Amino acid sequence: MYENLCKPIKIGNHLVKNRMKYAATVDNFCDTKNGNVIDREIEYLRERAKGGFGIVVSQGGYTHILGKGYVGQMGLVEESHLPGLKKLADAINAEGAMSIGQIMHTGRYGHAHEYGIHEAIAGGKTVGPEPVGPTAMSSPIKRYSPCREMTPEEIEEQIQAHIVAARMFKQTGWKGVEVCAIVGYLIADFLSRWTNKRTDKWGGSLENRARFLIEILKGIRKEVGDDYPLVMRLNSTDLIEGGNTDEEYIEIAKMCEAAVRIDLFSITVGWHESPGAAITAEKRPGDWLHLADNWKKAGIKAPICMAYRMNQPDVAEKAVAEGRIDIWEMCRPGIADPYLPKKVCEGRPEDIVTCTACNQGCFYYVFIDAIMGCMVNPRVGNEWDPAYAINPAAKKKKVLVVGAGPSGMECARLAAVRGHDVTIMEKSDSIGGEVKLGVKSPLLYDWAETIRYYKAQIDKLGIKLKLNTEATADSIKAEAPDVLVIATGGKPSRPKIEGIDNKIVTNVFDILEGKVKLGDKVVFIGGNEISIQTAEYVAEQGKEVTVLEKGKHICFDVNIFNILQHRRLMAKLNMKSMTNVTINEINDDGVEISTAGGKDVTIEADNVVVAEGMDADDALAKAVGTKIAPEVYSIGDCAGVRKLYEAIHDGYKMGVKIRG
């Protein structure tokens, strides 16, 4: 089934069992006080190695405190870091994965001041805690603070720190070393003409900008020796106006191959300051592969790997078959499903927990300096935690799950995996709940992969699925289960708006279930994530859509990464939006609003969607109490409206805790 992806490959002298590589992922799982590797990190990475990845990369470790860019970033500076690095290599290696350690000074993106640092020693001098770069400059975005210009002594010290980092990996049993020269971190800062205005030997010509990197590479090669695998990450495109050209990145790669033997090139897209889409759902699998072709035709010797929205095994298999890339590299597909390679090579891709590119538990949580999680994978960061262990149930119980939404389906899946006798009662003709409605939205196409996964799991686990079956107090009593799990989700709210009872008024459920025929002018009251995604579905059908928000911003419940993707799509779809508006009335003609400036205006509509929020659909839970069955639980939105992350996590927590 996946002959090309499951084919072995030599990386330097080391033979890798397949073409699937798990990419570097800073997750804030390391000790925030000192950069030490701890059990949370060991177990996270051990699971990707158990999952069958041929190559497992560590997160990028800072070579100096000023280069620490995440609250729990791994350190590569002191002798005290060596024990944890050994423990991490042993855990990855024992699984038969090639352990590769990554070196990553975050440069201009450093946040030492926020991590309780007020002073440090750099280039033999006491300096402030500000981030460092080849040139003193500011960032076009708030997140990153103005950087200080490194002295040549600081530049020389960093080459030495990179060599030391490489030595630390080799002595602790790591099978290879990866130099992170991407996305706007320190090396990428010296490489790009946008960030490097230096007039000495470290900037100017392309060779001068590449000198820091070449010196780091030459230094590492001399230290680790000729037989040790030395790999690297380099941009194929920075998506920065005034940055380096795509051909320039190829010329840099050729400078690297000419100085040291490079055993693998990981090719990347964008900088964190890039205004364009790189990793969102706007990018489909294979949208970046032409870049790999250009590296191949330029004559790059070393094997090449590429990630960047490559979440589909069929797209990657073809890419490797055609020799476009030698290795399918991935980060978020491996966060979502650490067993993706084991599933690919056993020929069971219907079992894959696909990454939906929601950027919540991964990108968002890490950038807001929180412990990394995952929407579709509740085990992310919890692999080390005994409360998340999946153990067979001693005595089998009759488990009744009410509702085939994501919380109910995750609970049912875990309870059946652990050996319970599980039944799901679903009031509609299909599974998925609000996920089934959401999949109609332009950016939520990968939600069909979530429906596919659960449908295949229910089948395989022998869960008794009862569709078109509304659970009532009497049908529960007839079923007589040992455990009742209520997962009836949420329902659109009905705020106290004048003229809400008007026939022009509809809701998000009616739109997405096809229970309403819409006109040409459609007006949405509410600017939350759900309202926006239903509005985007309506506008994509070539209709005139206006979104009215009483609060200060639209997409107020949307994470920082997805905010941009909605701005781009609402512009492309010619969508109108108004914030700080007072909704006065809904009438036959549309909705009467008063702006914050005091202007009374009529928003003309054929349909008015009242989408201000969701209420818990808890009527069943209130009707039956806590005594209808020996154990009664409410999970997901019916227990209090939250979002998908909390629904899938509630489901998992419920499924693992059902006792025997």
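Position 1 is the first residue in the sequence shown; the rest follow in order.
Mean C-alpha B-factor is higher over 12-20 than over the other stretch, the pair under comparison being 12-20 and 642-650. If you average the C-alpha B-factors over 23-31 and over 595-603, the higher value belongs to 595-603. Sorting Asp189, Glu410, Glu383, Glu498 by the CA temperature factor given in the entry leaves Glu498 at the top. Residue set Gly101, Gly373, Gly243, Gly107: peak C-alpha B-factor at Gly243 (per PDB entry).
In the deposited entry, the Cα temperature factor of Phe524 sits in the top third of values across the chain's modelled residues.
Among all modelled residues in its chain, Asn584 ranks in the highest third by Cα B-factor. Looking at the C-alpha B-factors along this chain, the one for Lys550 belongs to the middle third. When the CA B factors of the chain's modelled residues are split into thirds, the value for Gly542 lands in the highest one. The entry lists a Cα temperature factor for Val608 that places it in the highest third of the chain's modelled residues.
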